[PDB]
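Here the structure is laid out as structure tokens; the discussion comes afterwards.
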Amino acid sequence: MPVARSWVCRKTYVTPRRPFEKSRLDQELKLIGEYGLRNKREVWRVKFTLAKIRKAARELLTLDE
Amino acid sequence: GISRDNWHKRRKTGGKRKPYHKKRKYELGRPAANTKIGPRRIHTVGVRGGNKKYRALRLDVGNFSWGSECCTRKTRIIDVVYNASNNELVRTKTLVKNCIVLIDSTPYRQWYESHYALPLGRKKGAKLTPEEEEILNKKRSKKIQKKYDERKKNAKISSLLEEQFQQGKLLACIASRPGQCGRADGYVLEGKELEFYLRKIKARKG
Amino acid sequence: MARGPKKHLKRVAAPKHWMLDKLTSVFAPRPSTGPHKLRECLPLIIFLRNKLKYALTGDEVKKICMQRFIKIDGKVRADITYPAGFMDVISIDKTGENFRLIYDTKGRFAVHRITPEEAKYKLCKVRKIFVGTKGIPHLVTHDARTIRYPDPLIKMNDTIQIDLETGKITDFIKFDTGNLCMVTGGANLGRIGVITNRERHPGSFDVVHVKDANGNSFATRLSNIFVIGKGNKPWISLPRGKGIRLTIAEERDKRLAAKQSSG
Amino acid sequence: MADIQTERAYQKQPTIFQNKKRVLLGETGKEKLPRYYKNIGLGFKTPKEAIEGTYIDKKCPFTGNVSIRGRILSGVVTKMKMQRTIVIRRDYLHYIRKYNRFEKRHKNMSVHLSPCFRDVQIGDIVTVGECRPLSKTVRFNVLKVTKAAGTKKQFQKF
RNA sequence: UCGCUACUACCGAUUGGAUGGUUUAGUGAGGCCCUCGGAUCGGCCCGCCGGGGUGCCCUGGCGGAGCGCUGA
RNA sequence: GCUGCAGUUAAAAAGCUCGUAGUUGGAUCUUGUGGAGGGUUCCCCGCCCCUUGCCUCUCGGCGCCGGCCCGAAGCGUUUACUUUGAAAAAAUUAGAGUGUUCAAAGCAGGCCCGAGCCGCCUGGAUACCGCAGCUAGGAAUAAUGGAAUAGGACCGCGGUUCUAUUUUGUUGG
RNA sequence: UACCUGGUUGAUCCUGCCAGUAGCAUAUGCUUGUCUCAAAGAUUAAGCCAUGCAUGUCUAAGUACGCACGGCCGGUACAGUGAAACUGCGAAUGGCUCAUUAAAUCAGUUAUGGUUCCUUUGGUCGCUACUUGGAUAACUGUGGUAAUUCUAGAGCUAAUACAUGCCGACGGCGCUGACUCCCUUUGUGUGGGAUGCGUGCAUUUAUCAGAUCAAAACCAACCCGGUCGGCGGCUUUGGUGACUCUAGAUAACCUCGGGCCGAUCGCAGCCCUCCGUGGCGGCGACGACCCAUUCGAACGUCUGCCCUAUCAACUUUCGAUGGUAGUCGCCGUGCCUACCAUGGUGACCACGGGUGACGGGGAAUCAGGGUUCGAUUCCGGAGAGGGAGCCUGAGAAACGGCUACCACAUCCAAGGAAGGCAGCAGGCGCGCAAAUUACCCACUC
Ligand SMILES: [Mg+2]
Ligand SMILES: [Mg+2]
Ligand SMILES: [Mg+2]
Ligand SMILES: [Mg+2]
Ligand SMILES: [Mg+2]
Ligand SMILES: [Mg+2]
Ligand SMILES: [Mg+2]
Ligand SMILES: [Mg+2]
Ligand SMILES: [Mg+2]
Ligand SMILES: [Mg+2]
Ligand SMILES: [Mg+2]
Ligand SMILES: [Mg+2]
Ligand SMILES: [Mg+2]
Ligand SMILES: [Mg+2]
Ligand SMILES: [Mg+2]
Ligand SMILES: [Mg+2]
Ligand SMILES: [Mg+2]
Ligand SMILES: [Mg+2]
Ligand SMILES: [Mg+2]
Ligand SMILES: [Mg+2]
Ligand SMILES: [Mg+2]
Ligand SMILES: [Mg+2]
Ligand SMILES: [Mg+2]
Ligand SMILES: [Mg+2]
Ligand SMILES: [Mg+2]
Ligand SMILES: [Mg+2]
Ligand SMILES: [Mg+2]
Ligand SMILES: [Mg+2]
Ligand SMILES: [Mg+2]
Ligand SMILES: [Mg+2]
Ligand SMILES: [Mg+2]
Ligand SMILES: [Mg+2]
Ligand SMILES: [Mg+2]
Ligand SMILES: [Mg+2]
Ligand SMILES: [Mg+2]
Ligand SMILES: [Mg+2]
Ligand SMILES: [Mg+2]
Ligand SMILES: [Mg+2]
Ligand SMILES: [Mg+2]
Ligand SMILES: [Mg+2]
Ligand SMILES: [Mg+2]
Ligand SMILES: [Mg+2]
Ligand SMILES: [Mg+2]
Ligand SMILES: [Mg+2]
Ligand SMILES: [Mg+2]
Ligand SMILES: [Mg+2]
Ligand SMILES: [Mg+2]
Ligand SMILES: [Mg+2]
Ligand SMILES: [Mg+2]
Ligand SMILES: [Mg+2]
Ligand SMILES: [Mg+2]
Ligand SMILES: [Mg+2]
Ligand SMILES: [Mg+2]
Ligand SMILES: [Mg+2]
Ligand SMILES: [Mg+2]
Ligand SMILES: [Mg+2]
Ligand SMILES: [Mg+2]
Ligand SMILES: [Mg+2]
């Protein structure tokens, strides 16, 4: 049981709630085609990082200057 | 074996508690000593940390003290008279702390007559002719006024104590645990303690 | 499960100011019994192989110590888990260098080379003053040392400077408001200042205030104060920074503006 | 208190000695019996009924062999039916976090009341100190009795 | 309501069974403690010899007696 | 369903009333300005009575021309509340630095010399850690209390009664 | 990202659920090119276990007559490497699992002024002696049994094993009081004193003191400023909030076989009213009574717990709550005994029952609040098939220790002997459900 290993890891993306939404589908395909990406996981990744940056910014923005 | 743990008791509400572990060793037994009177034997128990501990059986000599005089001597223990805890501890002559014992009273007489140059309770004087008046009425012109007349005035042993010295025994209380040390020490009763214990003894037996 | 004393220490449970990794292995040095407590000490193997890089494994520090090179407080220690602690003196005469274990500013020991003339005495905090048989006064210091016949005007919490070769208390500083001090426990582990106050709560944990050399004030318990000077004048040499505790913002400003990257 | 010898052994304070002395140092007014007492510290004052009066309580804080250290609590007296032992109740509020609201709770303590205090009756306020285990369910000792509230000991003319 | 198929639970002679958990009373292995016990093993005390001294003594060895005291 | 649900007819208010615990509980007990931080009144020092404040003396360091005086000792009936300090393992979580080739990770790493430096610089931060216990400011809100058959107060005295054990040099009547 | 969609009707508006939607973790189906990281017999059976391994250990410094080698010649503490065996230490750590356990464990908080502590570091070491005794291993030799890490008889020999026991340096004070010296005979105002007894720390009991307050007046006796009846003038370890604390004085006690005060081993050296011994000189190792420190352990304080009333009263000579004296214990304590009192808990949920309950740090989800999980690598607890009892030891109620009963099960020559994988691999069984009978001490310790 005791071992010199590390188990720290995380996911880097999140799937969308509405699975079949024509607008989301075609907007993410426009974005895949114009930047020559392989997957949509590669769009959900960037969406995740942008969402976390926004969360941190809004969190800092509610404190008093 | 025997255990001193708290977890076999009911809790304050009167509810049972269930055990979580088997009996440990820091919760031990080691049955009682029950010191009798007789020729000395002392066993030795090995306890937590090493630290041998002497368990007495059949003690017959103690180290008792007279607190008014500040005079302590080795003496023989003759019998047990009173015991505040139980009464079967006087029927079996078992000797525990705060017991009431008779002692031999002789070395205190010796020290007293030597220190004060004055007798104890004595009935008649013929034995004092070859010896003892030799100690008590020592043939010396120096000291025998100046020293022993300052010993006098103080030499006023109370009624009960001087009545004790006639039958040749005293009344003493043990102030040490013979089951843990192997020694039976104590102090001879005086004053209100003596009156209380004498009345209790007289009231119990007979 | 646990019928006696333990002898292993897990790497995750070791003190944090040792500044260890988490991938070398499951185990930590586990300092052996000594004059300093387990959570407040610094073993020899960690000081030699981790902070000084003289050794690279445990075998190398073992065979460095087995040559009578390392001296802690004058005497030659051969153990590699000896608990060296506060205000100690390390001496390696094969290279001619002496150190002194003192918390720097951030709650960890520093590497604080000192002059060989300063590596002769050490300051010690008095914890106990009792009388032995025949009425002989004794001392007990923060590193288990016992001194017989001290002058009968040194009391608890006072500091005594002792010669490392002979014991033999040399001088002493008194616990009073106005005396330099370094905090050796708690949250302000390393900061240096003057006393200026001592609050008293009979029955528990009399607290003491401190105010450093920039007008900042902070309190601690009396159990963590260590008088190291008469006032505005240390008796031992102070490390770089001098227990000032510049905040993270000033830290960033000084690290950026100075552009401390390399030479 | 004329006779404090009620058990089958002679009750007397330790560290007190009945010494050798002359006739008529007193036949009444000096009965040759001093009183051992100590001060508890922490600002608590030893009551005069422990210095003057006579009684044998080895578990009393002021004259017996016991040391007060640790916590100091307080409560109100609820029962006086044991010998030198009373039962006091401590009420408090427990804050639940789901709701933002408190709830009333109470604890009972068996505590030791020295014969030094003779004015106590149900309803007083009592301060306690922490001692070594004095029995199976007793660890505290009464240091001070107070009653300075409404419906006082009697009509307020003090 | 009566009738057909299928599924579920219930009452119940059987004085059912299995596994247990407490439990009156009776017995009770083994360890520990106490009071005894005494298979055996030594030492001390007396002759002959070897070694030392003044017919005797001291270490030792031999066979032994008194096996008397005695220790484990 | 605390924030946050429902009970005429969809599921739902006991037939009705009394009542101990539990939960909840009406109104009421000191105000302007001199200087000073933020405006042109208003929100740390003090004046209409008080505005840390009454004191009682005492020993320690502090004024001044043997004498003169304030800080030091109690503390403001208490609590809850609120703000602040102390003391609470690491790992994980949030978070600072760092181009693992990027990332998940990790605690590292960065420079200059032809090697002729037998080296130098620098990090391994910080936050959070409820409730209970410790600590010091605030006094709105909510609790609790004071003299109605009185006693607060001043060296007010009067009487009886106990006594501490210091000096009168010491030891004692 | 603080979100909704289909379904009762001929159609409408609602309540309300069923279904859809996204994550998370166990299993399973189909399919699988590269590379980094890495969970893995917890769920059910804390069911049963074939085989191998997982705990041993020597420096110059405890004992070397193995010819086991081996030297320049032999043993004159005797060469040197050194098997075996005695001795010392460790084996109470680590590893594994979660059956028990519901104010119990555990967490934060405090207390030992109520206890023990191998070792580490620092203090302490003087009230035949130029060195004592006998007796066991290994080794040699004879054996017994179907059988084991079985062991008996015979012959030798050591200690830092076992067991004894001085030497020095006391020039050590108090209590005793033969006697002895001036003037007051004496008492007392004076001064020597043989003689004897006890005389270190640690144990046990008893006792004593534990010092400094505010001033004066007479009387009996005394110091000094000085005088042959009286006036001014000294009072003395340490610490805590608090001890019956620490230290001091007195009288004894000793437990020996059952406290201490060194009959131990290794490196390298100097002066001799002087010819090897009279002498003395350093550096270590080991051991050891006591105190403190460190590492802890144990027992206590305050607060905090899932469901249940188809659990409302519970507890009590088979101690329940308290009081006094004791036994026992490392110590406080109904811990246990004797004698007394009649108490203690509860609607603020006591007491009883259930848990597919080990607690916590933590994990998943999450607008704000919350809900569910935590067998599992760090901390704490508990157990080694089920109960129970002990030895050694500083530390164990130890199972890689011992002794019994119960349940299983192995060998037998039937007399007897031997056992405990919830350690690492592996195997059977159980199941929907979980890996190699591999290599190495190179890293961490
Ligand atoms: Mg258990
Ligand atoms: Mg010991
Ligand atoms: Mg363990
Ligand atoms: Mg170690
Ligand atoms: Mg059917
Ligand atoms: Mg039965
Ligand atoms: Mg029986
Ligand atoms: Mg038996
Ligand atoms: Mg609804
Ligand atoms: Mg209807
Ligand atoms: Mg309806
Ligand atoms: Mg109605
Ligand atoms: Mg109101
Ligand atoms: Mg992180
Ligand atoms: Mg990162
Ligand atoms: Mg808090
Ligand atoms: Mg406050
Ligand atoms: Mg319909
Ligand atoms: Mg339709
Ligand atoms: Mg659904
Ligand atoms: Mg490739
Ligand atoms: Mg299992
Ligand atoms: Mg095997
Ligand atoms: Mg060898
Ligand atoms: Mg060792
Ligand atoms: Mg061992
Ligand atoms: Mg496993
Ligand atoms: Mg239960
Ligand atoms: Mg609790
Ligand atoms: Mg805890
Ligand atoms: Mg706790
Ligand atoms: Mg030492
Ligand atoms: Mg033999
Ligand atoms: Mg009792
Ligand atoms: Mg008792
Ligand atoms: Mg009742
Ligand atoms: Mg219950
Ligand atoms: Mg239950
Ligand atoms: Mg379970
Ligand atoms: Mg749980
Ligand atoms: Mg939330
Ligand atoms: Mg767990
Ligand atoms: Mg389970
Ligand atoms: Mg596992
Ligand atoms: Mg714990
Ligand atoms: Mg166990
Ligand atoms: Mg099993
Ligand atoms: Mg041992
Ligand atoms: Mg066992
Ligand atoms: Mg084990
Ligand atoms: Mg075995
Ligand atoms: Mg096993
Ligand atoms: Mg296995
Ligand atoms: Mg492993
Ligand atoms: Mg299968
Ligand atoms: Mg699987
Ligand atoms: Mg399978
Ligand atoms: Mg290794």
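Letters A, B, ... mark the chains of the structure tokens in the order given; residue numbers begin at 1 per chain; ligand numbers begin at 1, in order shown.
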Who sits within 6 Å of range 3-9 of chain A, only C-alpha atoms (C1' of nucleotides), same chain under 5 positions skipped, as a PDB file with N, CA, C and O atoms (P, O5', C5', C4', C3', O3' and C1' of nucleotides), in the first residue's frame:
```pdb
ATOM      1  N   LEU C  23       8.669  12.378  -4.117  1.00  0.00           N
ATOM      2  CA  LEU C  23       8.903  11.282  -5.066  1.00  0.00           C
ATOM      3  C   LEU C  23      10.147  10.442  -4.799  1.00  0.00           C
ATOM      4  O   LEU C  23      10.278   9.385  -5.405  1.00  0.00           O
ATOM      5  N   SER C  25      11.065   8.762  -1.757  1.00  0.00           N
ATOM      6  CA  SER C  25      10.447   7.558  -1.183  1.00  0.00           C
ATOM      7  C   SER C  25       9.478   7.814  -0.044  1.00  0.00           C
ATOM      8  O   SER C  25       9.385   8.907   0.466  1.00  0.00           O
ATOM      9  N   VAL C  26       8.801   6.781   0.430  1.00  0.00           N
ATOM     10  CA  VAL C  26       7.856   6.762   1.546  1.00  0.00           C
ATOM     11  C   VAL C  26       8.416   7.176   2.912  1.00  0.00           C
ATOM     12  O   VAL C  26       7.632   7.451   3.807  1.00  0.00           O
TER      13      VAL C  26
ATOM     14  P     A F 104      -1.560  21.522 -16.824  1.00  0.00           P
ATOM     15  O5'   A F 104      -1.777  19.997 -16.426  1.00  0.00           O
ATOM     16  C5'   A F 104      -3.042  19.393 -16.570  1.00  0.00           C
ATOM     17  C4'   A F 104      -2.951  17.889 -16.357  1.00  0.00           C
ATOM     18  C3'   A F 104      -2.312  17.552 -15.030  1.00  0.00           C
ATOM     19  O3'   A F 104      -3.202  17.705 -13.949  1.00  0.00           O
ATOM     20  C1'   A F 104      -1.588  16.076 -16.746  1.00  0.00           C
TER      21        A F 104
END
```
How would you report the residues lying within 9 Å of ligand 51, as number ranges by chain, if you count only C-alpha atoms (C1' of nucleotides) and all ligand atoms?
G: 399-402, 419
Identify all residues of range 31-222 of chain C in strand (DSSP E or B) (DSSP on the backbone) and supply them as a VMD selection string.
chain C and resid 42 70 to 72 75 to 76 84 90 to 92 97 to 98 103 109 114 121 to 132 136 to 141 146 to 148 159 to 163 167 to 173 180 to 182 192 to 198 207 to 211 217 to 221
Return as a ChimeraX atom specification the residues belonging to chain B that are within 12 Å of chain C, counting only C-alpha atoms.
/B:21,24-26
Output the contact residues of chain E with respect to chain B at a cut-off of 12 Å, based on only C-alpha atoms (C1' of nucleotides), as number ranges by chain.
E: 31-35
May I have the selected residues written with C-alpha atoms (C1' of nucleotides), as a PDB file, in the first residue's frame?
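Once written, part.pdb looks like this:
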```pdb
ATOM      1  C1'   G E  31      -1.923 -20.373  34.174  1.00  0.00           C
ATOM      2  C1'   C E  32      -0.861 -17.145  38.501  1.00  0.00           C
ATOM      3  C1'   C E  33      -0.603 -16.570  44.151  1.00  0.00           C
ATOM      4  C1'   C E  34      -0.215 -18.701  49.089  1.00  0.00           C
ATOM      5  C1'   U E  35       0.914 -22.829  52.812  1.00  0.00           C
TER       6        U E  35
END
```
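Taking only C-alpha atoms (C1' of nucleotides) and all ligand atoms into account, the residues that come within 8 Å of ligand 34 are residues 135 of chain D; 323, 324 and 334 of chain G.
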May I have the residues from that selection written out with N, CA and C atoms (P, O5', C5', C4', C3', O3' and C1' of nucleotides), as a PDB file, in the first residue's frame?
```pdb
ATOM      1  N   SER D 135     -13.953  10.807  42.447  1.00  0.00           N
ATOM      2  CA  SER D 135     -14.806   9.628  42.551  1.00  0.00           C
ATOM      3  C   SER D 135     -15.044   9.138  41.130  1.00  0.00           C
TER       4      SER D 135
ATOM      5  P     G G 323     -17.739  10.886  47.529  1.00  0.00           P
ATOM      6  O5'   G G 323     -18.129  10.577  49.039  1.00  0.00           O
ATOM      7  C5'   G G 323     -18.513  11.615  49.929  1.00  0.00           C
ATOM      8  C4'   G G 323     -18.688  11.092  51.333  1.00  0.00           C
ATOM      9  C3'   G G 323     -17.474  10.413  51.945  1.00  0.00           C
ATOM     10  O3'   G G 323     -16.523  11.323  52.463  1.00  0.00           O
ATOM     11  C1'   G G 323     -19.381   9.078  52.304  1.00  0.00           C
ATOM     12  P     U G 324     -14.958  10.997  52.336  1.00  0.00           P
ATOM     13  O5'   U G 324     -14.688   9.945  53.498  1.00  0.00           O
ATOM     14  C5'   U G 324     -14.719  10.340  54.859  1.00  0.00           C
ATOM     15  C4'   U G 324     -14.503   9.169  55.783  1.00  0.00           C
ATOM     16  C3'   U G 324     -13.282   8.310  55.510  1.00  0.00           C
ATOM     17  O3'   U G 324     -12.080   8.870  56.004  1.00  0.00           O
ATOM     18  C1'   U G 324     -15.149   6.921  55.861  1.00  0.00           C
ATOM     19  P     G G 334     -12.716   5.583  45.205  1.00  0.00           P
ATOM     20  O5'   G G 334     -13.392   4.368  44.443  1.00  0.00           O
ATOM     21  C5'   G G 334     -14.618   4.507  43.785  1.00  0.00           C
ATOM     22  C4'   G G 334     -14.836   3.253  42.951  1.00  0.00           C
ATOM     23  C3'   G G 334     -15.988   3.430  41.981  1.00  0.00           C
ATOM     24  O3'   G G 334     -15.753   2.690  40.807  1.00  0.00           O
ATOM     25  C1'   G G 334     -16.426   1.669  43.414  1.00  0.00           C
TER      26        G G 334
END
```
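Based on only C-alpha atoms (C1' of nucleotides) and all ligand atoms, the protein and nucleic acid residues found within 8 Å of ligand 37 are, by chain and then by number, residues 15 of chain B; 102, 350, 351 and 352 of chain G.
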